[PDB]
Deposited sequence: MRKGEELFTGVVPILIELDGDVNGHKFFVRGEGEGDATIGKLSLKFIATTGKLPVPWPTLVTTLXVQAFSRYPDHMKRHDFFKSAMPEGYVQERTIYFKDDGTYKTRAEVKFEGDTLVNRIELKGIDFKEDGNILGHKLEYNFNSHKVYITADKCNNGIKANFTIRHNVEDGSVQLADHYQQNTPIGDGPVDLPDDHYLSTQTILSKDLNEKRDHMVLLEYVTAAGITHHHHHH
């Protein structure tokens, strides 16, 4: 388990998407340091300019990298599932627009943590904030509320993302999370607060996104 997350761990993320029939693929490489809770990643849209804004993929596109303080070590479900891994299922509803469903397997391969994800989006509106590409290239700080469902030997989480829109208005996105493993751990209600920076490689020519996160757990 967390014996693996001392020091820096390299990362591979892969996302297979389709939204309203618009198929796309994203591969990410980078590294995380769970002892301070840092992620630095570059993502590449291999299929061409994305059919959806980059910020909507951020949540779907390795919480196992959250810094859990020493007084909270008994509640790190993500890391206890390693190296075998866990499954992360999400349903995301965008206010007054469409919805995503995600399934992902998060494992170790060699020395890298890998997130392989499938995404399906339906019922979106064009000239809506998603397909119409109206979201600022931003990601504000959020809290992620975790509770452990004993029955499924895992956790549940839910939280809503606030996406800034060009207009000045905000696009809401309700998240619903299930996590299940691939010995055990389970954690009392707490949350992850996160902070994200989105920017771009100036020498990169493909549609891409560089990402930098800091995540810590709290609330005990």
Could you please spell out the deposited residue ranges that have no C-alpha entry in the coordinates?
-> 1-3, 65, 187-189, 228-234
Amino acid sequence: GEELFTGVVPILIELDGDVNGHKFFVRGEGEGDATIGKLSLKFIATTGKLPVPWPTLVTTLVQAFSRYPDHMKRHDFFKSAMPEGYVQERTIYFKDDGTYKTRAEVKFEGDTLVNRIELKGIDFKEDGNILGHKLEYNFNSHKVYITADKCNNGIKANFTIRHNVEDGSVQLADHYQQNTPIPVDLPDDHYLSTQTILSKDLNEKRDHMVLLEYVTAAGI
From here on, numbers count along this sequence of modelled residues.
Stretch with higher mean Cα temperature factor, 173-181 vs 191-199, is 173-181
Hey, which bit's got the bigger mean C-alpha B factor in the entry, 138-146 or 102-110?
-> 102-110
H133, C-alpha B-factor rank within chain (lowest, middle or highest third) | middle
According to the PDB entry, is the CA B factor of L186 in the bottom, middle or top third of its chain, that is, lowest, middle or highest?
-> highest
Please rank the C-alpha B-factors of the chain's modelled residues and tell me whether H71 sits in the lowest, middle or highest third.
-> highest
Chain third (lowest, middle, highest) by recorded CA B-factor, residue given as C151 | highest
Which third of the chain holds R116 when residues are ordered by C-alpha B factor: lowest, middle or highest?
-> middle
